[PDB]
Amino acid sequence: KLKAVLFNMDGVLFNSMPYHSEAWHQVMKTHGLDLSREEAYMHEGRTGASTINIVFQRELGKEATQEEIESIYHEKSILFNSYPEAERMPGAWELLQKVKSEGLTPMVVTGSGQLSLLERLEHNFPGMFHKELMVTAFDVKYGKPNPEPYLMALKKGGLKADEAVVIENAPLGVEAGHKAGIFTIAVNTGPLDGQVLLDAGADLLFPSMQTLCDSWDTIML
């Protein structure tokens, strides 16, 4: 039944998670808030505004103001962009070529609003993605772990949930894919215990994008 493969971006397509976790950790530290690199990784999937608000609630016992959200989001984006630009996750391009050769539609479903990465998708993965077949921070009211972004991806692609598969590296994205009713494959590309991804609702778990790519033609959907 499979028609489309819905990829997260950060930690699936780009090896950008060390940078995102460093930048969140450092900007929060500047603001006097403790967020470890691993706790930052655990927020992958959220929009930046949702991350900031939840960290304020957890650490300060209050909501972030709109000004705090915009300031901190810009600060983190500027710091992220100050690093040498993120490179591809090994295995992603090989997998995309396989998916496309099988007649399947690649899509991106991300909580990112980071234009530096979004505008590099075409040069990194030529011929794969299209803006009207992507969901980003710009498209959603509620991001991951709410199923909204994955539900929206299904609609953009004219798909039913049973015609798609989700490829996720982070538990909030796994949860969103699963709760959207879509079969969800976790790829453990970061510092987390794989069990965190299984417990978030992943139907399958692979230890890298390359191993997923190697097994791809035996996943019968």
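Start at 1 and count along the sequence shown; that's the residue number.
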Regarding 59-67 and 43-51, which shows the higher C-alpha temperature factor on average in the entry? 59-67
State which stretch shows the higher mean Cα B factor in the entry: 109-117 or 137-145. 137-145
Sorting the chain's modelled residues by C-alpha B-factor and splitting them into thirds places residue 77 in the middle
Which third, lowest, middle or highest, does the CA B-factor of residue 90 fall in along this chain? middle
Place residue 195 in the lowest, middle or highest third of its chain's C-alpha B-factors, as listed in the PDB entry. highest
Based on the deposited C-alpha B factors for this chain, I'd like to know if residue 187 is in the lowest, middle or highest third. middle
In terms of the CA temperature factor given in the entry, to which third of its chain does residue 103 belong: lowest, middle or highest? highest
